[PDB]
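Take a look at the structure set out below.
To find a chain, count down the sequence lines: A is the first, B the second, and so on, and within it residues start at 1. The analysis underlying the following values was restricted to heavy atoms, covering all of them including side chains, and did not include hydrogens, waters or symmetry mates.
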Amino acid sequence: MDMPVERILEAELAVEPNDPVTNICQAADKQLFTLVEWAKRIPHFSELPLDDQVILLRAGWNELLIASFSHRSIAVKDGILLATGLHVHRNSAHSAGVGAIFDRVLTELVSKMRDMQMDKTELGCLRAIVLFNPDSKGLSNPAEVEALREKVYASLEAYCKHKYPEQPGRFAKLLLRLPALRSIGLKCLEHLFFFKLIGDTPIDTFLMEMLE
Amino acid sequence: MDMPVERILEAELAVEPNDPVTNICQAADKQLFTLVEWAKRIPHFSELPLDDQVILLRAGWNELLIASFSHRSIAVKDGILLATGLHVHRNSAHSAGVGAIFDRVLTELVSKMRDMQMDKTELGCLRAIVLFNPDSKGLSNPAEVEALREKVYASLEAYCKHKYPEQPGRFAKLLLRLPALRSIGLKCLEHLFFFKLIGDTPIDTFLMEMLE
Amino acid sequence: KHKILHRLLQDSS
Amino acid sequence: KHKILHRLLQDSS
Ligand SMILES: O=C(O)Cc1ccc(-c2cc(C(F)(F)F)cc(C(F)(F)F)c2)cc1
Ligand SMILES: O=C(O)Cc1ccc(-c2cc(C(F)(F)F)cc(C(F)(F)F)c2)cc1
């Protein structure tokens, strides 16, 4: 195996745990640090040129954090669990004025993750895939990142066929949450740029840097 | 078969052929009509409640038109072929100020379609999938649209395994262009809203309606 | 109401 | 230059 799912899962286990939009942002900034630790535990990531590592996490960070906190919320009803340990409910989200994007996270990601019982090996793999985004502008060698992306989804397909043989379209199912993830990522980014632009909200330094 | 790929392909064949942004918009509006004809030739679409049909095409129309003109451009170098018969080159696109989104279409969709030689049965299937978007807000019965989406990607997986047995990850590959399609769709929509807001550009009535 | 989208979708043919 | 992102990525551990 050039890409064992086993190691992707340890990566996940390794990095593991009052205006709601201030809270979300504190969490985001905190988790940006946990993300860099996670990516380093992903096979071959650390071997890439420092430049491409930077491009990938600058490209992926938003989608990757959304994947984490969505899968972390599967047990939760009508709400998300932040890394801070603090739950945000949809009522709190509508009342800060982020109900639309919030609802989208619940219905398109959390609910779907709960309904199919997406395991942490699968979350890992999807996040690993999002990381190895060959579309990322500026990459020294896109072919290599394509080839790593290829190793991940091959491994996952076999993990699914083996672990959930009853569900022959589980693999496809998993891959068809990445579009929803892409949409929700960009809407979140549009929001974060506004919290910054407006200065309504404290933006801690690493999140700050990801928005510059 | 509850969803034969054969019929999806006939759907495609059935609907088949100076500011560049005026041209693109004329094309878009023209193709909106061709799209409604296409969707009606997709198995089971026409059987849905009129309300859901409307929600799906209002949800999908942007991504579906981008899929069409990208696959239509595979042969073309550094440019797109509009349904109008008129080619737009990246030089024309940068010089109207839409080079960024243009480049994204070339690199993330056209090039990838050319490189893998995505056939029209596959384009059809991906477009069919985009249509059956169970995430679409307001649907009378999302489960049904989920179930139709499921029939399409099952059919496609078997089409790929059968037609391209040499390429066991072709199926995954195809599904991993939908995220790029989702991004480019939203960026295109942000642009079209601006052409409208600014009135720099003629917006024909059906495209007009899709932006209201 | 989406006038045009609705009129294209009703029409047989 | 992405100061913080760069400093986290160099450090072994
Ligand atoms: O605890 C974590 O994993 C980090 C983490 C936690 C939360 C969010 C988040 C961000 C936004 C934003 F930016 F649009 F305001 C919205 C939402 C949500 F829609 F309310 F769910 C959630 C990002 C990252
Ligand atoms: O001929 C067709 O299939 C219809 C059709 C043709 C063209 C575009 C298009 C739209 C935009 C927009 F809206 F951002 F300005 C940009 C671009 C592109 F990036 F230049 F390629 C292409 C949409 C639909």
Side chain to side chain, [X] and [Y], heavy atoms closer than 4.5 Å:
X      : Y      : result
A:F69  : A:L109 : no
A:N23  : A:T84  : no
B:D204 : B:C25  : no
A:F194 : A:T201 : no
B:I24  : B:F195 : no
A:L178 : B:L176 : yes
B:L57  : C:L9   : yes
A:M118 : A:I74  : no

- Task: Report the C-alpha separation of B:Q31 and B:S68 in whole Å, then their side-chain angles, then the decisive distance to 0.1 Å, and conclude whether the side chain to side chain contact (heavy atoms under 4.5 Å, CB included) test is met.
- Result: CA-CA 10 Å; B:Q31 283 311 101; B:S68 269; 5.6 Å; no

- Does A:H71 reach the main-chain N or O of A:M113 with its side chain, forming a donor-acceptor pair under 3.5 Å? no

- Any chance you could lay out the side chain to side chain contact (heavy atoms under 4.5 Å, CB included) test for A:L148 and A:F45, step after step, and finish with the verdict? CA-CA 9 Å; A:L148 294 178; A:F45 180 67; over 6 Å; no

- Query: Taking the inter-plane angle between the rings of A:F171 and A:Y153 on a 0 to 90° scale, is it parallel (under 30°), tilted (30 to 60°) or perpendicular (over 60°)?
  - Reply: tilted

- Query: About how many Å separate CG of A:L192 and CG of A:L197, when rounded to the nearest 0.5 Å?
  - Reply: 12.5 Å

- Task: Rounded to the nearest 0.5 Å, what's the gap from CZ on B:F206 to CD on B:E209? Could you check?
- Result: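 Reported to 0.5 Å precision, the distance equals 6.0 Å.
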
May I ask you to say whether [X] pairs ionically with [Y], meaning some side-chain N is under 4.0 Å from a carboxylate O?
X      : Y      : answer
B:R149 : B:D135 : no
A:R7   : A:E10  : no
A:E108 : A:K112 : no

Atom of [X], atom of [Y] and distance for their closest heavy-atom approach:
X      : Y      : result
A:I8   : A:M3   : CD1-SD, 3.9 Å
B:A100 : B:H94  : N-CE1, 4.2 Å
A:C188 : A:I66  : SG-CD1, 3.9 Å
B:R41  : B:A11  : CB-CB, 3.8 Å
A:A59  : A:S136 : CB-OG, 3.2 Å
B:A67  : B:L123 : O-CD1, 3.6 Å

- Item | Residue pairs passing the salt bridge (charged side-chain N to carboxylate O under 4.0 Å, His left out) test where at least one lies in residues 86-95 of chain A, sequence neighbours excluded |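 As it turns out, the salt bridge (charged side-chain N to carboxylate O under 4.0 Å, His left out) pairs with a partner in residues 86-95 of chain A, which skip direct neighbours, are A:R90-A:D103.
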
- Message: Once salt bridge (charged side-chain N to carboxylate O under 4.0 Å, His left out) is applied, what residue pairs with a partner in residues 42-55 of chain B remain, sequence neighbours excluded?
- Response: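 Non-adjacent pairs meeting salt bridge (charged side-chain N to carboxylate O under 4.0 Å, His left out): zero.
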
- For atom NZ of A:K137, is the number of surrounding heavy atoms from other residues, nucleotides or ligands below 6.0 Å larger than 12?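 Yes, the 6.0 Å shell around NZ holds more than 12 heavy atoms from other groups.
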
- Message: Tell me whether the count of non-hydrogen atoms from other residues, nucleotides or ligands lying under 6.0 Å of NZ in B:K196 goes above 12.
- Response: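 Buried by this count: over 12 neighbours within 6.0 Å.
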
- Task: Apply the test side chain to side chain contact (heavy atoms under 4.5 Å, CB included) to residues A:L126 and A:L175: give CA-CA distance (whole Å), side-chain angles for both, the deciding distance (0.1 Å), then the verdict.
- Result: CA-CA 7 Å; A:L126 287 174; A:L175 293 197; 4.1 Å; yes

- Task: Check the pair B:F102, B:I80 against side chain to side chain contact (heavy atoms under 4.5 Å, CB included), reporting the backbone distance first and the verdict last.
- Result: CA-CA 9 Å; B:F102 200 83; B:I80 62 163; 3.8 Å; yes

- Pair B:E63-B:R182, salt bridge (charged side-chain N to carboxylate O under 4.0 Å, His left out): steps then yes or no: CA-CA 7 Å; B:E63 283 177 29; B:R182 175 64 62 86; 2.7 Å; yes

- A:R127: partners by salt bridge (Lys or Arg N to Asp or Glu O under 4.0 Å), with sequence neighbours left out: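 For A:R127, the residues satisfying salt bridge (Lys or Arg N to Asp or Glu O under 4.0 Å) (neighbours in sequence not counted) are A:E12.
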
- Task: Test salt bridge (charged side-chain N to carboxylate O under 4.0 Å, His left out) on A:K120 and A:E16 and set out the steps.
- Result: CA-CA 11 Å; A:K120 284 185 187 176; A:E16 209 167 19; 2.5 Å; yes

